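Trainee: Got a structure for you, questions after.
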Amino acid sequence: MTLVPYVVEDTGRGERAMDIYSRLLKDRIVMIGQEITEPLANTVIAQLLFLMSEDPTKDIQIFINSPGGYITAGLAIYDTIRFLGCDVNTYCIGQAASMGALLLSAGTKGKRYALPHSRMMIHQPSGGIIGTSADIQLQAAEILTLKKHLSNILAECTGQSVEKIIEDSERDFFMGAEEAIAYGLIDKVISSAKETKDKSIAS
Amino acid sequence: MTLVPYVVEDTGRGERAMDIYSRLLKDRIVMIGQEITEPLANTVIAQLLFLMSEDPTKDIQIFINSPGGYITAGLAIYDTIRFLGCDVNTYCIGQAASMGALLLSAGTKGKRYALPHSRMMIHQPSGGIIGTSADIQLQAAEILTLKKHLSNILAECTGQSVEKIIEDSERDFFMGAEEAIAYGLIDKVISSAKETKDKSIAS
Amino acid sequence: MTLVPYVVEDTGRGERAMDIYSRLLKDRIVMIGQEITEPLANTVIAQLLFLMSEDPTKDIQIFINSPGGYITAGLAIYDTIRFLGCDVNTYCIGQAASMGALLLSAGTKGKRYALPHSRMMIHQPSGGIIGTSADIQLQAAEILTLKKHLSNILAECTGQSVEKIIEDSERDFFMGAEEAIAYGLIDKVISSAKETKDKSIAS
Amino acid sequence: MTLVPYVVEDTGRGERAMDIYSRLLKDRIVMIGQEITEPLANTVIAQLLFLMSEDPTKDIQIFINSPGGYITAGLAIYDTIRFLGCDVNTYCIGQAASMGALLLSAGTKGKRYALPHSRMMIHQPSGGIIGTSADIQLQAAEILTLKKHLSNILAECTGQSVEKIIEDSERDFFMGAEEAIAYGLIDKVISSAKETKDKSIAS
Amino acid sequence: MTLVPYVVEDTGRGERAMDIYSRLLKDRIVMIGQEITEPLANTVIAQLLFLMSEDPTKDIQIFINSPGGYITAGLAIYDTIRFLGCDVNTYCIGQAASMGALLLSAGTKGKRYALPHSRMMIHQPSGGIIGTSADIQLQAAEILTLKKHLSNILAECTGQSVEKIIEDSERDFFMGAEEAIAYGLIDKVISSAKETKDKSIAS
Amino acid sequence: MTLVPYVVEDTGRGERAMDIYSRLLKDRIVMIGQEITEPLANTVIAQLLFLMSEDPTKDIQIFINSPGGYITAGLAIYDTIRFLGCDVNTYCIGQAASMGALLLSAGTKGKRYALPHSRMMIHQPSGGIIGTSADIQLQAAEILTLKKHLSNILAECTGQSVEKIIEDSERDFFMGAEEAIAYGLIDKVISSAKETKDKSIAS
Amino acid sequence: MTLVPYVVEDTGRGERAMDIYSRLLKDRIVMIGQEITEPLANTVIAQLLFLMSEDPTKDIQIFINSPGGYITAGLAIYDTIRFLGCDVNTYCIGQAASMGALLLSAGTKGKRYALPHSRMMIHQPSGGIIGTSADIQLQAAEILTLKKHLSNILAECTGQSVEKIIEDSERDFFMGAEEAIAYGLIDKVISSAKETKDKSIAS
Amino acid sequence: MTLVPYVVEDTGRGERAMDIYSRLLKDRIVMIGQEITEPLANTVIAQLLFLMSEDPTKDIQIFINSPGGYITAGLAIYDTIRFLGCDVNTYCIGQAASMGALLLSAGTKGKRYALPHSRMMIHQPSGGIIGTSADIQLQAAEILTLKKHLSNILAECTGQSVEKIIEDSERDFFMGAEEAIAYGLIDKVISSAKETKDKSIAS
Amino acid sequence: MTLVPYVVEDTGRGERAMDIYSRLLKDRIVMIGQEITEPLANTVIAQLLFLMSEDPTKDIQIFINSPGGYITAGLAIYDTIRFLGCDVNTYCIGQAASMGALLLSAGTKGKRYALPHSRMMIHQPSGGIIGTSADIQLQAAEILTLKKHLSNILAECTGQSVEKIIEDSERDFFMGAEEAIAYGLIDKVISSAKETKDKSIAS
Ligand SMILES: CC(C)(C(=O)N1CCN(Cc2ccc(Cl)cc2)CC1)S(=O)(=O)c1ccc(C(F)(F)F)cn1
Ligand SMILES: CC(C)(C(=O)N1CCN(Cc2ccc(Cl)cc2)CC1)S(=O)(=O)c1ccc(C(F)(F)F)cn1
Ligand code: NA
Ligand code: NA
Ligand code: NA
Ligand code: NA
């Protein structure tokens, strides 16, 4: 019973019947509240490519509540985030585990936020190289390359060494918002709207 | 099997087709009428983020009829509620158990209401502590952290000690509207619109 | 279920209500983000034939994230791509295996790109004689013609010999963006707007 | 995962929901990309009858990628195509087996095309037909009559004898675009719009 | 909790628990009470070959209540019945349609019986000449061969001409025990054990 | 779910395990406790044919609790009951509707019994016709013969005219044990062992 | 639908409960009455290896009614048949298509039989070489080796050339018992027994 | 689909129903004819541990027809095979891929056989993890250890270098019986009884 | 579908059929080859309680190939193992993770073995709520208590500190047989039956 409410308005002379997620997309807000799967990667990348078509310079806000995902889908989104020319804001509401922590740390330095009770983890809890039979088929020398990619990206994003990233990816523990700042995953804890999201009319 | 009714008003030039829940969202009314799950949390946070992107100062009304949920989803919604800059009114119609009681007590102090026959409980039945179906990855120190977060938030919201909150979270009992006022969960019992802040409609 | 967000443009008060993928199609962007099946081939060819009807000379961008597919569907899309009179840009986001690599290499020479962490393979992964239509069909001597067709097309697109393509098609390994340039599958690696070489001029 | 794309205008302000297949239908393009079943025949005949209501003289383009089908549905579409008063262009993208080859050869002589790597077969793929939820169920003397009809029609369309059509219909082999021209199934192999490089032939 | 009741007697040389159908097999009684399918034909032929393995000279009784079946399965059983060296008694209880009518008429002349209210039909009610492995159906010259085989066997068994058998196979009507004797399908109506060539199998 | 208790035996030199229904079959007791379907008729006829193979002269007891069934299956059992040479005792426990009433009245005259609260009906109840709910087979002019067969048999068994049987088959009402005696369906109401024969000689 | 009768038989020493197929296995009779799949090959090979352990010199009779199968399973059974040291008799009841025809022709030359109305085909129907959705499935050069193996075995077994076997494997036609003798598939058509346990009666 | 014929034989006078696979187990024959999964490994290891309890010195025959499997299950069986003190004979009937080839090459040197048309491959055609609980993740250093174990064991069993084993495990090709002898996977191709160990040793 | 083989024995007294697992149970061998769930624990404890009733002094061998399980089931089995009075031998074939490692280390000191390529982990790979009623019961302070119990038992069994057990339970890594000896999980690596104790002909 997943009710998907809509939005449309009369503060002027208008219309615009769209659902709630398309509305937030009008403010350049992208929601990641899934497991990071291949069908999600396509929808998020599609949203990211569209937002670059509209204004390739305005900031984009990404809100992340993800229990994990797959390396193949996460790497696709990360490369798309790096492919963008504008600044990307990443907010962690709730949990950002494994791939969620990768995309969270992939935001523009200084614009990666978390909420006071957010929890973040680098360990991949689910999906041993392949998880559910929806996303399958990874040989040997291929998971190492994807894991080597993930370790190198996390080390670059956080500022830790690749060795430390590998060691901490083996530990099944979450870290709080304050710990994640020290680790390099995020930049600031917030408790009210950081007005980095402010736009009303384009320019 | 329960029909999502639609709505059409008389703004003259604008005529606008939305369902009943999107209509209530136009009055800054958010409905929580089911278990607090991860997909529901995403919808509720999306609604909350949209309502702040439209009027970040106008009051928001949240109506809660929830048999419970998961701590991770509730903490995400609570942090989003605290993330808002405007006042939040919480109304308990029917039942607000565990996570429903958390969001109910999370409203702005003085603006937390319940109906005469409402029932409220802080005890979390079963193992509703993370995520959704499956999503049951634990370690030890993570349940301790999530329960410590919930106990600390409930103690702050209600005004009771953390020890009392933990002790009462172990008891499977409901409390009425009058008891919930004494406990600190809510502020006032109501039975009509004017029992809240009254704007003095003429007669 | 994956929420496919919708879109609303400017300068007119009306009611589009088109999704994100149809929106990108307005910019002549075609998304291939799943297995290359017969129903998918119909979608891509329909998109390709429509884009030729609107402007048969403007460039078309194809974004590819495909774990593989079937030769029967791949050959249909390739012939349609060669059937186009305009330039085709192919971008590999994530993975392009077997049929994904065929369509990726089918783009206009100089306009085949990949992202820094993309993975490409010509081997048909994890199984497959190719061909399922509620019935396998494609007897022995028919798969040979299709495999010979695929080998000849890959050799023509990449620049390698047919013998090398056949030898490399039996090896279950992926190659990175730099290796794929040397191989002939793609032309350029892409990681920023100023490092494009694509220079997306439109709208 | 599904067939997504939609279409809107350019020659005004942009408001009406058209999917990709109805869009191509506005250019009098009919897509046959699956097994020739009874529900498909109804849709195709409905499209054909509609296209005749708008212009009984405008040319109609039919694109065929079909692994086969049933005699009852194929004969119905063929009779409807012969029922049209305008010229019918048939394009074979990918595979046209049995019923696909019948409808492909049913186009106006001189306007039956195939793509360079297309494969065509007159044999009923896999097995014959008696009907399992797709051709109902057929007595003895009736499948012979329907098979005789198909043999007689193919001989007239291709120019071969009825004996050779029956004689070749038992052989499970595909033929290429060049072989199909010699056989009489099609007229020209192409690599650009309609008659290669132009909506009309030059000499 | 097992259906198909069990039985015990034959205390002479001593034996154990068998089901009811195995009991009748001890009296050389074979039951055909459902559609003549390929798995049923295998069971019946296995039973037919076993009774010939024990003593190839004692009479065999076949009781038939079959609404029809497939020609491939019926021809297999008929050839196995003709392959036997002993006399075969066929009894029609209830209905013997199409394939049931062939096996009924395949008994030794003079030992084909029916009960007073039995109904017999030569028509196959629209569908089924082959069991099929959920993959395959039949070419033209293959239905013709199977129909010729069925017509020739029925003409030989009943004594009618092949033309009349073909004509009557197109008519969807049942015939009674008296009509079936005149037709040649059976030999005698019995309506009791002690009547006619068999005076019951008792002991 | 339909627990079928088992039993173990003295009365021969063998020793063995059967369920409760197979045991009652050793006392020549046949249970009919469900709808008269084609698979049930085969089981009942198999039991009847086996009981004749052991003693074609000893009495057989049939206990009937049937809400109805189909004429094709009922006629098969009735003809098999008439095929027996020994006396058949029919007992109605609970309900005997349509086909159940046919088999009940088919017992040897004087040996058809019912229990004090049993209910009997000649009307064919809610549902399907003569055969199977989905696999349905008789065609035109076949209902006349099958209904005439049922009317003629009921008239002979009960002693009423065919006209009265046809008229009473049209009314949806049950009759008690005393009414069924007057009607001719049964002979005696019973309530103790001595109401049976139990003529002489120990057992 | 369990339709496997059991035996406790008359004509044996002792007391045992085996099903009908195990009974025929005691006479060294192996039944192949369904599609040649991988699980079937394992059971058949198990039966073949058991029969060699019991008496590695006594003849084995195999009865074949198979609509086809897969090359991998067919090759496994054929190699096991060649692995046996005793003579193998193959009987074709009904149909022996593709793999069934391979195993039929694999019997000892001079001891391959068919019934008068049997139908045999060497064409591999439908398509594929293993797989219902993803069963095994093979790369290119591996299915070719299996097809070359099958062609070479059929040519050796029948006596035809490899070229003719390849040509006839592409033609969807059946041949009768007399035609199959001329082709080399079988040796004799039969209509009466020739097996051992002859010239004697039981009891 | 579990057709598993039974047997009752000379473990005495002959009185016990066992299936065909347990039958070969009485001759110390173990069948591996399906995917090597965790439940299969438990059954096979249980069979292996039982066979060592009965006679820890008598030879064991293992027949292998396996399309592949999982590393964890294969390693478990191999360690159990190496744990045995007696000689193990491995026969490859049909296909032995990846894990099947591991167990095949794990037989006692000199006692590893294949049939003339058997196909063997060391490449894992599917890959991925084993789903041991379908809930997990598999880190880096664990796939490396499992792949290193497989490479080291295959190199020791075959005699090739670990580097060659790694290179050939990436190539999707099968090898014939003669090629597998040269490779070291097996020792002899067979077509009759061939080798054994019961006599004075050759020298 | 693994075909759990059956067994036949006692060539002196005769007649019993047990499966392979019940067979090994007669040798006081208990197999744990799956996830340690509540239904599995009941079977294992039942086996353990039976084995103590027959001989409460003879050694018991437990073979473990378990990817994990639930604490409630693991604690139940462990307490039952400690409840036994006889020596318990634990063998790790393949993998012993979390609960499997608990039961493995619960064997009598000096009699805990592993195979050369076995892998052992104390970390619970993904879950840990533990329990029943759709996988979710068991409140917070109760999972913490059960985890404390598990840490205390592992520390006592292995010899490490409780702090080290807690620290290592959070690390997702496997250790080999040699590492497990140093850690305290096991005592000896083995590679053949006769590496420990002595078994020969009885007296
Ligand atoms: C059948 C045996 C005895 C055999 O192979 N022979 C080979 C060669 N013989 C003559 C020979 C000798 C040397 C040379 Cl140079 C050439 C020819 C004689 C016997 S067997 O291999 O012992 C065997 C196979 C299978 C089974 C089982 F599967 F049933 F268990 C049991 N035993
Ligand atoms: C000790 C072993 C090696 C053995 O050989 N035995 C033989 C006979 N026995 C007879 C018996 C019967 C009944 C009873 Cl009451 C008592 C004794 C008992 C044991 S073992 O424990 O079987 C064993 C250990 C490890 C492995 C592994 F490593 F492969 F996994 C496999 N087997
Ligand atoms: Na609680
Ligand atoms: Na590279
Ligand atoms: Na009464
Ligand atoms: Na013939």
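Residue numbering restarts at 1 in every chain; chains get A, B, ... in the order shown in the structure tokens, and ligands count up from 1 in that same order.
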Run DSSP on the backbone of this structure and report the residues of chain A it assigns to strand (DSSP E or B), as a tab-separated table (two decimals) with N, CA and C atoms, in the first residue's frame.
Mentor:
```tsv
chain	number	residue	atom	x	y	z
A	6	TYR	N	0.49	13.44	-4.90
A	6	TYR	CA	0.77	14.35	-6.00
A	6	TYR	C	0.80	15.80	-5.54
A	7	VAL	N	1.15	16.69	-6.47
A	7	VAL	CA	1.23	18.12	-6.16
A	7	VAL	C	0.89	18.91	-7.41
A	18	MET	N	1.93	16.72	-10.85
A	18	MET	CA	3.03	15.77	-10.75
A	18	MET	C	3.04	15.15	-9.36
A	19	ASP	N	3.70	13.99	-9.24
A	19	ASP	CA	3.83	13.36	-7.94
A	19	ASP	C	4.87	14.10	-7.10
A	29	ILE	N	16.19	18.37	-6.50
A	29	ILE	CA	16.34	17.47	-5.36
A	29	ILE	C	16.13	16.05	-5.86
A	30	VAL	N	17.12	15.19	-5.62
A	30	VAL	CA	17.07	13.79	-6.02
A	30	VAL	C	17.05	12.94	-4.76
A	31	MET	N	16.12	11.99	-4.70
A	31	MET	CA	15.92	11.16	-3.52
A	31	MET	C	16.51	9.78	-3.76
A	32	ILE	N	17.35	9.31	-2.83
A	32	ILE	CA	17.90	7.95	-2.88
A	32	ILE	C	17.52	7.27	-1.57
A	36	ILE	N	20.66	0.33	-3.46
A	36	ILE	CA	21.24	0.79	-4.72
A	36	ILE	C	21.28	-0.35	-5.73
A	60	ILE	N	22.79	20.84	-7.09
A	60	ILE	CA	21.86	19.72	-7.01
A	60	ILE	C	21.94	19.15	-5.60
A	61	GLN	N	20.78	18.88	-5.00
A	61	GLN	CA	20.70	18.28	-3.68
A	61	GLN	C	20.29	16.82	-3.80
A	62	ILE	N	21.06	15.93	-3.19
A	62	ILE	CA	20.75	14.50	-3.16
A	62	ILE	C	20.56	14.09	-1.71
A	63	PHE	N	19.40	13.52	-1.40
A	63	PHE	CA	19.09	13.03	-0.07
A	63	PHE	C	19.17	11.51	-0.07
A	64	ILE	N	19.92	10.96	0.88
A	64	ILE	CA	20.32	9.56	0.86
A	64	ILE	C	19.81	8.87	2.12
A	65	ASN	N	18.99	7.84	1.93
A	65	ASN	CA	18.60	6.91	3.00
A	65	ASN	C	18.65	5.52	2.37
A	66	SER	N	19.83	4.91	2.39
A	66	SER	CA	20.07	3.69	1.64
A	66	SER	C	20.74	2.64	2.52
A	69	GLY	N	23.61	-1.68	-1.43
A	69	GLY	CA	23.37	-1.85	-2.85
A	69	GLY	C	24.49	-2.66	-3.49
A	88	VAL	N	27.22	19.30	-6.15
A	88	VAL	CA	26.25	18.30	-5.69
A	88	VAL	C	26.27	18.28	-4.17
A	89	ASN	N	25.10	18.46	-3.56
A	89	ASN	CA	24.94	18.37	-2.12
A	89	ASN	C	24.37	17.01	-1.74
A	90	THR	N	25.02	16.34	-0.80
A	90	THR	CA	24.58	15.04	-0.32
A	90	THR	C	24.16	15.16	1.14
A	91	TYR	N	22.94	14.74	1.44
A	91	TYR	CA	22.40	14.75	2.79
A	91	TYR	C	22.10	13.32	3.21
A	92	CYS	N	22.56	12.94	4.40
A	92	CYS	CA	22.30	11.61	4.94
A	92	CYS	C	21.20	11.71	5.98
A	93	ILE	N	20.01	11.24	5.63
A	93	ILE	CA	18.90	11.12	6.56
A	93	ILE	C	18.74	9.64	6.89
A	94	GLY	N	18.94	9.28	8.15
A	94	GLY	CA	18.78	7.90	8.56
A	94	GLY	C	20.04	7.08	8.44
A	95	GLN	N	20.17	6.31	7.35
A	95	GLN	CA	21.28	5.40	7.17
A	95	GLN	C	21.89	5.55	5.78
A	96	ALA	N	23.22	5.49	5.72
A	96	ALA	CA	23.95	5.45	4.45
A	96	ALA	C	25.02	4.37	4.59
A	97	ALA	N	24.73	3.17	4.10
A	97	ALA	CA	25.59	2.01	4.26
A	97	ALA	C	26.22	1.62	2.93
A	112	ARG	N	28.61	18.18	2.06
A	112	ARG	CA	28.15	16.84	2.44
A	112	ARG	C	27.68	16.90	3.88
A	113	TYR	N	26.39	16.67	4.09
A	113	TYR	CA	25.76	16.87	5.38
A	113	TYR	C	25.15	15.58	5.90
A	114	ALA	N	24.90	15.56	7.20
A	114	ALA	CA	24.17	14.47	7.84
A	114	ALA	C	23.32	15.05	8.96
A	119	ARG	N	23.25	7.45	10.63
A	119	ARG	CA	24.23	6.39	10.81
A	119	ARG	C	24.85	6.06	9.46
A	120	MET	N	26.17	5.91	9.44
A	120	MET	CA	26.91	5.68	8.20
A	120	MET	C	27.86	4.51	8.37
A	121	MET	N	27.98	3.69	7.33
A	121	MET	CA	28.83	2.51	7.35
A	121	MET	C	29.48	2.30	5.99
A	171	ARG	N	34.81	-4.31	8.74
A	171	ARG	CA	34.24	-4.21	10.07
A	171	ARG	C	32.78	-3.82	9.97
A	175	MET	N	28.99	4.35	12.19
A	175	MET	CA	29.58	5.50	12.84
A	175	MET	C	28.59	6.65	12.80
A	188	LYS	N	29.62	18.47	7.62
A	188	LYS	CA	28.92	19.17	8.69
A	188	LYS	C	27.71	18.37	9.15
A	189	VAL	N	27.45	18.42	10.45
A	189	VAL	CA	26.17	18.02	11.01
A	189	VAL	C	25.24	19.22	10.97
```
Trainee: Could you list the residues in chain C lying within 8 Å of chain H, using only C-alpha atoms, and format the result as a count of residues only?
Mentor: 7
Trainee: Pairing every C-alpha atom in order, fit chain C onto chain A and give me the RMSD in Å.
Mentor: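 Once chain C is fitted onto chain A, the C-alpha RMSD works out to 2.4 Å.
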Trainee: If you measure from atom CA of residue D:177 to atom CA of residue C:109, what distance in Å do you get, rounded to one decimal?
Mentor: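 Calculated distance between atom CA of residue D:177 and atom CA of residue C:109 is 26.3 Å.
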Trainee: If you measure from atom CA of residue D:160 to atom CA of residue D:182, what distance in Å do you get, rounded to one decimal?
Mentor: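 These two atoms are separated by 10.4 Å.
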Trainee: Please, which residues have at least one atom within 8 Å of an atom of ligand 5, using only C-alpha atoms and all ligand atoms, listed as a list in words?
Mentor: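 What falls inside 8 Å of ligand 5 is residues 116, 117, 118, 175, 176, 177, 178, 179 and 180 of chain F.
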Trainee: Could you please extract the residues within 6 Å of ligand 2, counting only C-alpha atoms and all ligand atoms, and hand them back as a compact mmCIF listing (two decimals) with N, CA and C atoms, in the first residue's frame?
Mentor:
```txt
# COMPACT_ATOMS: atom_id res chain seq x y z
N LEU H 49 30.93 -40.31 3.56
CA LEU H 49 31.25 -40.70 4.93
C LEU H 49 30.65 -42.06 5.27
N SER H 53 32.58 -45.69 6.34
CA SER H 53 32.22 -46.46 7.52
C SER H 53 32.03 -47.93 7.19
N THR H 80 36.50 -33.84 1.47
CA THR H 80 35.98 -35.14 1.88
C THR H 80 36.57 -36.26 1.02
N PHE H 83 39.95 -36.79 2.15
CA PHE H 83 39.90 -37.39 3.48
C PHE H 83 39.76 -38.90 3.42
N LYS I 26 23.08 -44.03 13.15
CA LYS I 26 23.33 -45.31 13.81
C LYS I 26 24.79 -45.44 14.23
N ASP I 27 25.69 -44.70 13.58
CA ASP I 27 27.09 -44.62 13.97
C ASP I 27 27.36 -43.44 14.89
N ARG I 28 26.31 -42.85 15.46
CA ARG I 28 26.42 -41.69 16.34
C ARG I 28 27.04 -40.51 15.61
N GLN I 61 29.93 -37.95 17.06
CA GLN I 61 30.57 -37.13 16.04
C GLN I 61 29.54 -36.21 15.42
N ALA I 193 40.94 -40.41 7.58
CA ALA I 193 40.14 -40.97 8.66
C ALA I 193 40.99 -41.38 9.85
N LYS I 194 42.12 -42.04 9.59
CA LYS I 194 42.93 -42.64 10.64
C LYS I 194 43.93 -41.66 11.24
N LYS I 199 39.58 -47.18 15.14
CA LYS I 199 38.39 -48.00 14.94
C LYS I 199 38.78 -49.21 14.10
```
Trainee: Which distance in Å separates atom CA of residue E:141 and atom CA of residue D:122, to one decimal?
Mentor: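 Atom CA of residue E:141 sits 15.9 Å away from atom CA of residue D:122.
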Trainee: Mind the document's chain letters and residue numbers, and return as an NGL selection string the residues of stretch 4-181 of chain I that DSSP labels helix (DSSP H, G or I).
Mentor: :I and (20-26 or 38-54 or 71-83 or 99-105 or 140-158 or 162-169 or 177-181)
Trainee: Just want the 10 Å neighbourhood of residue F:74, counted on only C-alpha atoms, with same-chain residues fewer than 4 positions away dropped. Output as a ChimeraX atom specification.
Mentor: /E:94 /F:36-38,40-41,68-70,78-80,98-103,130-131,150
Trainee: Next, dump the selected residues to file, keeping only N, CA and C atoms, as a compact mmCIF listing (two decimals), in the first residue's frame.
Mentor:
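And here's result-v8.txt as it stands now:
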```
# COMPACT_ATOMS: atom_id res chain seq x y z
N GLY E 94 -19.38 -45.78 -19.42
CA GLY E 94 -19.57 -44.35 -19.50
C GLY E 94 -19.37 -43.78 -20.89
N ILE F 36 -19.72 -36.33 -7.04
CA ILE F 36 -19.55 -37.41 -8.00
C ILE F 36 -18.85 -36.86 -9.24
N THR F 37 -17.53 -36.92 -9.24
CA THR F 37 -16.71 -36.43 -10.34
C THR F 37 -16.15 -37.62 -11.13
N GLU F 38 -15.49 -37.30 -12.24
CA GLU F 38 -14.89 -38.36 -13.06
C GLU F 38 -13.79 -39.11 -12.32
N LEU F 40 -13.51 -39.54 -9.12
CA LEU F 40 -14.18 -40.32 -8.08
C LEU F 40 -14.86 -41.55 -8.66
N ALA F 41 -15.53 -41.39 -9.81
CA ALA F 41 -16.19 -42.53 -10.44
C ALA F 41 -15.20 -43.64 -10.76
N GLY F 68 -23.84 -34.04 -4.72
CA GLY F 68 -24.22 -34.04 -6.11
C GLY F 68 -23.11 -34.56 -6.99
N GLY F 69 -23.06 -34.07 -8.22
CA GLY F 69 -22.04 -34.51 -9.15
C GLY F 69 -22.51 -34.29 -10.58
N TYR F 70 -21.95 -35.09 -11.48
CA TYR F 70 -22.21 -34.97 -12.90
C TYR F 70 -22.82 -36.26 -13.42
N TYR F 78 -23.59 -46.13 -11.84
CA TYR F 78 -24.85 -46.86 -11.84
C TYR F 78 -24.76 -48.10 -12.73
N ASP F 79 -24.23 -47.94 -13.94
CA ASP F 79 -24.08 -49.08 -14.84
C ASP F 79 -23.17 -50.13 -14.22
N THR F 80 -22.13 -49.70 -13.51
CA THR F 80 -21.26 -50.64 -12.81
C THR F 80 -22.00 -51.34 -11.67
N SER F 98 -29.09 -35.36 -6.24
CA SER F 98 -28.92 -35.63 -7.67
C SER F 98 -28.25 -36.98 -7.92
N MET F 99 -26.94 -36.96 -8.16
CA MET F 99 -26.22 -38.19 -8.44
C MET F 99 -26.14 -39.08 -7.20
N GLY F 100 -25.96 -38.47 -6.02
CA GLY F 100 -26.02 -39.25 -4.80
C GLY F 100 -27.35 -39.94 -4.61
N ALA F 101 -28.45 -39.26 -4.97
CA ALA F 101 -29.76 -39.88 -4.88
C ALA F 101 -29.94 -40.96 -5.94
N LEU F 102 -29.31 -40.79 -7.11
CA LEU F 102 -29.38 -41.82 -8.14
C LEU F 102 -28.73 -43.11 -7.68
N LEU F 103 -27.49 -43.02 -7.17
CA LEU F 103 -26.79 -44.20 -6.69
C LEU F 103 -27.47 -44.79 -5.46
N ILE F 130 -22.99 -31.87 -16.64
CA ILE F 130 -22.68 -33.28 -16.82
C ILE F 130 -21.24 -33.35 -17.32
N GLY F 131 -20.27 -33.57 -16.43
CA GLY F 131 -18.87 -33.52 -16.84
C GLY F 131 -17.92 -32.75 -15.94
N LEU F 150 -31.06 -40.26 -17.32
CA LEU F 150 -31.23 -40.06 -15.89
C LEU F 150 -32.69 -40.16 -15.48
```
